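Ideal geometry is used to build each Cβ from the backbone, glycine not excepted, and the neighbour counts take in all protein chains shown. Derivation of every value follows stated rules applied to the coordinates shown; laboratory data play no part.
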Amino acid sequence: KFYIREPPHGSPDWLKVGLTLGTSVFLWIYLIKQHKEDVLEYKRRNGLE
Amino acid sequence: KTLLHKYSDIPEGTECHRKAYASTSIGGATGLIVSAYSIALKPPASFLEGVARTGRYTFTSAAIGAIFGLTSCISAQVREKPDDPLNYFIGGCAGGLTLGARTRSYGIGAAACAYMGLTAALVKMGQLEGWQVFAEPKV
Amino acid sequence: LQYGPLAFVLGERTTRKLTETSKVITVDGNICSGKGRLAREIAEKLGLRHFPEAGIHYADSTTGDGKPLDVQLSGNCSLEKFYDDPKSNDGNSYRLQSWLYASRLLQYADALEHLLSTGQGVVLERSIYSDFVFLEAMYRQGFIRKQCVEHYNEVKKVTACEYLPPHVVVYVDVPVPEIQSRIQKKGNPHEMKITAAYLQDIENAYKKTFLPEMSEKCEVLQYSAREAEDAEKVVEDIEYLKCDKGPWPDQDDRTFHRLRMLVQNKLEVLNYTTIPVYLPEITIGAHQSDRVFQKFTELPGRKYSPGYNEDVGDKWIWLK
Amino acid sequence: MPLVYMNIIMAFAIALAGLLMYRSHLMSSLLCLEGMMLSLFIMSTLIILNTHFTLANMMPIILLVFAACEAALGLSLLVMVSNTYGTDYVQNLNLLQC
Amino acid sequence: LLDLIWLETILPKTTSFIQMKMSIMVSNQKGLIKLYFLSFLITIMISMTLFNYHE
Amino acid sequence: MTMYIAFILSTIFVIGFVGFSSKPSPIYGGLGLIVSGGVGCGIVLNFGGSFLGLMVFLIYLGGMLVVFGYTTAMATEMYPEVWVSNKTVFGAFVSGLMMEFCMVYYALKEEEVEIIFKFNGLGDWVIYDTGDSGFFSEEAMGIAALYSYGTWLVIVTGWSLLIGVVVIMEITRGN
Amino acid sequence: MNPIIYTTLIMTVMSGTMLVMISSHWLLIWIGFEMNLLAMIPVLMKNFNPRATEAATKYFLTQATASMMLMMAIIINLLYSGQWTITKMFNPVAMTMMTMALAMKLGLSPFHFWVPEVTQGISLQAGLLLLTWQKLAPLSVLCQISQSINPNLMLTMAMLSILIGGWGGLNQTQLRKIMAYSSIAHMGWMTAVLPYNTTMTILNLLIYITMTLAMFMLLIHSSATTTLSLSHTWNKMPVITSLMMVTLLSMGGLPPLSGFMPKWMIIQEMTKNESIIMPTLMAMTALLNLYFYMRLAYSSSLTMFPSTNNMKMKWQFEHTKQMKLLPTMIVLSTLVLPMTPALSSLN
Amino acid sequence: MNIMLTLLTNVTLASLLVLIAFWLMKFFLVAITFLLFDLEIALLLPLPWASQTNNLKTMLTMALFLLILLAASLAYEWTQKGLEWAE
Amino acid sequence: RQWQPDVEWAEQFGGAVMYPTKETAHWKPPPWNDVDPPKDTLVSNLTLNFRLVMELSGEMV
Amino acid sequence: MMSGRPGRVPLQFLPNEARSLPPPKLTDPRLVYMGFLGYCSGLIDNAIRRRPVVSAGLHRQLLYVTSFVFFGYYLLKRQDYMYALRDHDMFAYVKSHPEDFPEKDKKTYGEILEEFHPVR
Ligand SMILES: CCCCCCCCCCCCCCCCCC(=O)OC[C@H](COP(=O)(O)OCCN)OC(=O)CCCCCCCCCCCCCCCCC
Ligand SMILES: CCCCCCCCCCCCCCCCCC(=O)OC[C@H](COP(=O)(O)OCCN)OC(=O)CCCCCCCCCCCCCCCCC
Ligand SMILES: Nc1nc2c(ncn2[C@@H]2O[C@H](COP(=O)(O)OP(=O)(O)OP(=O)(O)O)[C@@H](O)[C@H]2O)c(=O)[nH]1
């Protein structure tokens, strides 16, 4: 290994990254969920569908 | 705005003495303000020097205003066209030539028209057309 | 994390780690006056982290492999060049000193960081406060010029102000005829070419200014080279004292947060070492600087931030 | 508008001029800086007492209270000037010329 | 004469020169509180009274 | 003058106000405003603000300026200012008497003083009302409501003062 | 200073500025203003150098004077109305008296004299707070009382700000000073439209915050204070000065770089109000801002400047500062122009 | 009436006597601390009337808030040298 | 190679004021530390004639 | 302008009746621009930290894109709401003040003169 000392990012910080995907997957699933009933509610609020 | 109304109320090309007195009052008033700031931000020597600088700034500003009012009114009724924008423009060098002589260098005097002459002409366009510089909020 | 605000908030102090064996030792002396060996002796007697004397490739022996880099790639100066040609046009003389002063300054920061993170004292040779004696001596014979001095001391005041002075200074006194006769015994062909004039200037600068100017900041532990040989003598009275002089025996965790803020930021310790003073001997134009930096880029490891070099073998780049 | 109100109103106007028209010693401005709020405090009490605005008796105290922190902030900065130059003289208060 | 002596000194250089002089004293004050706050005094006085902004 | 007693109280308030605002020595400037501070209390006292009048004595008069005069003590100019040292301070003082005595006389006239605002400088005694206060004191009840109605006012005042003490020590320790 | 009190001293500054915009009482409006000032001074004095003390004195003297002047804008209002509610001012004299009070706290007309000097004295981190966060509070009050504001009085403050703000930057070499002068020029822009449509003032404020944040942390990352110090930054970190050039042009207002969005909206709003001379001179003198803008860009990355031998040291070590939210700030401050119709969100 | 009449005669009786008897950083630090320790005294000076309010609960919890806040401000000065007159 | 700025070009953008003038002739560049060098020490080491000559630091001897 | 309308409970990012509008589709060109800006933030972040921008961590960039896409969609609804509100109350007003906007009569170009100006 080139570096004499392990650098602060020179390792996969599993807890941090696993949180990052955890943030995104929860974010998208909320997003696709929220669009669903918001569309569905708009369908029935005006009497479309 | 007593001074502005005083100058505007005098009909164009009429009562040149009134116009000249009205014009030099505005010039002198502006000359006082800039001199006061100049003394403020740049402290002069003993009070005689302070009033000397005040005298210079007021005299130049009053001179520019006085003759400009004279040329503008004169240009209006001698040519018998009061609505002419050029009426004020020739005042621009008139005011401009005055500045060029007060500093005793016509290089500033030459540039003095092209900007003051246009602006003096520009003001006349504003009065005729109806331009508003500080427009009241309408929309 | 490091002393970054969160660590200080959670209660991590620094006075808690400090003990009686927490001092800065400047075991200086003369040109090859044997002070290098005394540095190890003092370090191993009281268990202080020893720092080898700062050179041209010291910073090279801090990062990456901790191995010397190309002189063109790191420093562009050569002490041997100054040793051979006394007054050249390439400006190796002054540029050697200023790079030396920066290397010593970085060494000082590394020393303080170790002390402020362990509480264990540190010994250093030719501390950054000493450095000015060489440069002024180089000016005495004409190695550098008047305009050269202005850049160096300007860097000195803007940098060395915040660093606290040492606690212990060991001036190994060796007299001029001995040094001017010992340099033949070394045998390294570069250091034979040493003028007695340059030597004569360095010692008189030391005793008359190096010790007194910082005597009020820490006590002067004068030691002849005869005293330097008897390491048992010098180890008693370093402990026999307190070093009440200077501002070090007054600081608390309030200033220590500031001190470990700067030393941890290695870029910050030497950010002021690059003052835009356009001295001819150190000013490098864009063309040479660009090519050299581009040469620095595609070197191993240096291409990216540390730990982010796929060429070295840092796996998980797509995740880290 | 009653005369007593006029007298306090002009009292500030000279105080505003007194602080703005500056003198060599920085102390005197600090006296006038919080002097100007004394007229503010005095007149404030006048309206509320006159108008029987019982709840608005809140203001006269708290107005002075935070005016005190400013004065407390005031001379505390002043001593630092005195500890760096020797006198609070404001013509030397120009180190930021550049 | 015309192209690179007058046509560059009428619009370009004159405006540069005009902007030069104005920026000369705008950026060059004295750093004295007395002069500053005094300039405040006129500014407040002239604002209420003589631009007639109160009317 | 009995009818316009507060007017005399008010006039004395400004003349001392002008004197210390004329930038005299800080000790002398202290005198100029403390007498102004005391006389202003009489104005509030005469209107009925018993606590407010007495309270400005304790925190402003016997408060503010004691530590203020304390600071001028350590300033200790080798050349302490007296009113005769410079003619600028006398010029301000004779000025401060000038326009004050001017428009009060114009106030003594037809009473259409219209500098900035429109003032009718009649006898100050007219502005009061004819409504009794019963048993409760109007001033006392208002301030006492700080702990019943001044919920947000007391919190920010308490919080700022705690911030006030920490900032004072933080900026005086000098790192 | 100690971080825990340094945290809460800054934290109260948000709290004081928060209180200004969330209180309907005139007294509480001043309450947050001077709690804000109380905690601002130590952050100015964080470095504790004679210049830092110099900067704090000017800032305190200016800010304290305005706030005491602010009370009597309230007091006369109370004197002629008996209302402490934050709405339409009822007294013309108090109204101008208020506008000068708030303008000095914002520093647009020759009240601006402290803005360059104070900025230079304080550290770069403290400069960030002064020109970004301690500017919402005066604008918060102006937004609420905008309808009442005197049109001639406010616009005159605006032009004198941009005119001086344009001229002042043309001669300063310090990066902090030119930053301050450009901040003055932008401040004239927002307050210019302020009487007309407050949504555009807020949009200008929200947009103008982005570069001023982005530019400051970039300088802090560069650790540069003067133009020559900025010149050397290309060698060690050629990337950082490259992004600084992009955001520097965005501050100038050249489409499609977002930053022309506020200027575009201001011109359109003023034109709808029949005021057409106001925008033209306003836009024309914005070129004055662009000159020393490009001048910084000329010496930053566009033409590599001479470096120094000691800069070879800096290449070996990597940055330790965290500069949080920098990547988002740069991107949000240069390419958000196609999302201009998001203006209705601010309404 | 009587209040100034008193005030008048005491001063003159003192004025006559003085004429007849003649013709015949830490020091700063404690100063501001007192000032900042004096203002909230004026906050809690109205309190005997405050105890007459209908809502004792808010009054009791609030006057207690200032006193403990006074205690905290004093405590902060005590621990962070503060009250210690810098030697 | 293309032209690159030399030292003289840097000196253009290197003064205390970018466009020098007589009024700003003596203006000096700010110190790089942003710390003006400390002036003469304002220590009140007043020696009190207690005859016992004895100095104090405002409180402390 | 809006600020002060009847039924305008403050500190609300999406009033209830705003949901009676067509929600933006996830393939909205405005929305995909939000995602593009988020991606550009990811490149800058790695460039700022001196990392292999193209693939210097797929976790940091993924959050950058998702966060910008999220904040965009909510901003879009409020964007769509206010513009719908801006046009809505207009139609109520335009029928509330008929006399202020009288329909001018329509006369074909067979009547209106335009005094044609020749070009030479
Ligand atoms: C239609 C109604 C009006 C009719 C009358 C005509 C208009 C009014 C009169 C003319 C006013 C504009 C002309 C300039 C007047 C002020 C001149 C002045 O200040 O001169 C002093 C000085 C110039 O000399 P200086 O550069 O100092 O060099 C010598 C140094 N020892 O100055 C300077 O150095 C500073 C630069 C000049 C001052 C700043 C600009 C002042 C004018 C602003 C616009 C005024 C408009 C007035 C009319 C409209 C509004 C009412
Ligand atoms: C609106 C008009 C335009 C406005 C913006 C203009 C910007 C430029 C203007 C001129 C700037 C000043 C002059 C040039 C300065 C150069 C600065 C610099 O640092 O240059 C050298 C440097 C060396 O590269 P280095 O930093 O080592 O990074 C290599 C990649 N990791 O180079 C760099 O650091 C540059 C690194 C760039 C990396 C780009 C990566 C792109 C990845 C694209 C992925 C696309 C994926 C598409 C997928 C499609 C299907 C979904
Ligand atoms: N210009 C300059 N050269 C320095 C400085 N400090 C050390 N040197 C050089 O460092 C080199 C090694 O020091 P020497 O004393 O000659 O040899 P050494 O092996 O360190 O021996 P000891 O001093 O006994 O430890 C010499 O070329 C010195 O001139 C300095 O501050 N400036």
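Some notes on this structure:
- Label-point gap, in nm, between residue C:118 and residue E:3 - each point 7 angstrom along Cα→Cβ: 7.4 nm
- Radius 13 Å from Cβ of residue C:91, net charge of other residues (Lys, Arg +1; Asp, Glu -1): +1
- Cα centroid separation, the range F:124-172 to chain E: 47 Å.
- Hydrodynamic radius (Kirkwood) for chain G, which is based on Cα pairs only, to one decimal in Å: 20.8 Å
- In chain E, the alpha-carbon atoms span a convex hull of 106 Å³ per residue.
- Sites matching trypsin sites (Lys or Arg not before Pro) across the range G:257-347 that sit in DSSP coil, with at most 14 neighbouring C-beta atoms within 10 Å: G:321, G:324
- Structure remark: mean-square fluctuation, Gaussian network model of chain G, C-alpha springs under 10 Å; the largest value among G:328, G:280, G:308 belongs to G:308.
- Size check on the protein assembly as shown: the Cα extents along the three principal axes, sorted descending, read 114, 109, 82 Å.
- Average other protein chain Cβ within 10 Å of Cβ, residues J:35-47: 5
- The alpha carbons of the range H:1-80 occupy a box of 61, 44, 11 Å along the principal axes, longest dimension given first.
- With a Förster radius of 60 Å applied to the beta-carbon distance between residue E:52 and residue J:91, the computed FRET efficiency rounds to 0.85.
- Distribution of pairwise C-alpha distances over the range G:13-59, 10 Å bins, in %: 30, 38, 24, 8
- Highest mobility in the GNM of chain D, judged by mean-square fluctuation with C-alpha springs under 10 Å and restricted to D:87, D:45, D:54, is found for D:54.
- Couplings 3J(HN,Hα) for the range E:28-41, derived from phi with the Karplus relation 6.51 cos²θ - 1.76 cosθ + 1.60 (θ = phi - 60°), are 10, 9, 10, x, 9, 4, 4, 5, 4, 4, 5, 5, 5, 4 Hz, where x marks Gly and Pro.
- Take the convex hull of the alpha carbons in the range C:202-296; its mean projected area over all directions comes to 11.0 nm².
- Whichever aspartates and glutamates have a C-alpha closer than 18 Å to that of residue G:236, once near sequence neighbours (fewer than 8 apart) are set aside: C:60, C:70, C:268, C:290, C:298, G:318, J:45
- Within chain F, the whole DSSP H helices whose Cα atoms reach 18 Å or more along their own axis and whose mean Kyte-Doolittle score is at least 0.0 are F:5-21, F:26-47, F:87-108, F:151-172.
- Residues residue C:291 and residue C:154, FRET efficiency given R0 of 30 Å [Cβ-Cβ distance, rounded to 0.05]: 0.60
- Rounded to 10°, Cα long-axis angle of helix B:86-102 versus longest principal axis of chain B: 10 degrees
- The long axis of helix B:16-41 is offset from the longest Cα principal axis of chain B by roughly 40 degrees.
- The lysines within cross-link reach of residue B:81, meaning a Cα-to-Cα straight distance under 24 Å and a gap of 8 or more places when in the same chain, are B:6, B:19, B:124.
- Cβ crowding within 10 Å averaged over residues, with C:288-300, J:91-103 ranked highest first: C:288-300, J:91-103
- Flagged links, alpha-carbon separation over 32 Å, of G:272/J:95; C:193/G:312; G:263/J:77; A:36/G:324; E:30/I:39; C:17/C:157: A:36/G:324
- When shorter helices are ignored and each DSSP H run of at least 4 residues is given -39500 (n - 2.57), the per-residue value for chain J at 222 nm works out to -17500 deg cm²/dmol.
- Per-peptide average of other Cβ atoms within 10 Å, ordering F:29-35, F:86-92, G:30-36, J:32-38 highest first: G:30-36, F:29-35, J:32-38, F:86-92
- Cut-off 14 Å between beta-carbons: net charge of the residues surrounding residue F:77, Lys and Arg +1, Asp and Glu -1: 0
- The alpha-carbon of residue G:105 sits under 17 angstrom from the alpha-carbons of these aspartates and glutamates, leaving out residues fewer than 8 places away in its chain: D:70, G:34, G:117.
- The peptide list D:24-36, F:68-80, put in order of mean Cβ contacts within 10 Å with the highest first, becomes D:24-36, F:68-80.
- A crude spin-label estimate for the pair residue G:264 and residue E:11, with each label 7 Å from Cα along the Cβ direction, gives 2.6 nm.
- Per-q log10 I(q)/I(0), the range D:3-92, q = 0.12, 0.26 Å⁻¹ (Debye; single scatterer per alpha-carbon; no solvent): -0.46, -1.24
- Choice from C:235, C:123, C:24 showing the highest fluctuation, given a GNM over chain C with Cα pairs closer than 10 Å: C:235
- Ellipticity at 222 nm from helices only: DSSP H runs of n ≥ 4 in chain G, each -39500 (n - 2.57), divided by the residue count, give -23000 deg cm²/dmol.
- Shielding of peptide G:29-35 by partners, expressed as the average count of other chain Cβ atoms within 10 Å per residue Cβ, is 4.
- Estimated from the Cβ-Cβ distance and a Förster radius of 41 angstrom, the FRET efficiency linking residue F:129 and residue J:1 is about 0.40.
- Residue mean of other protein chain beta carbons inside 10 Å, F:43-52: 5
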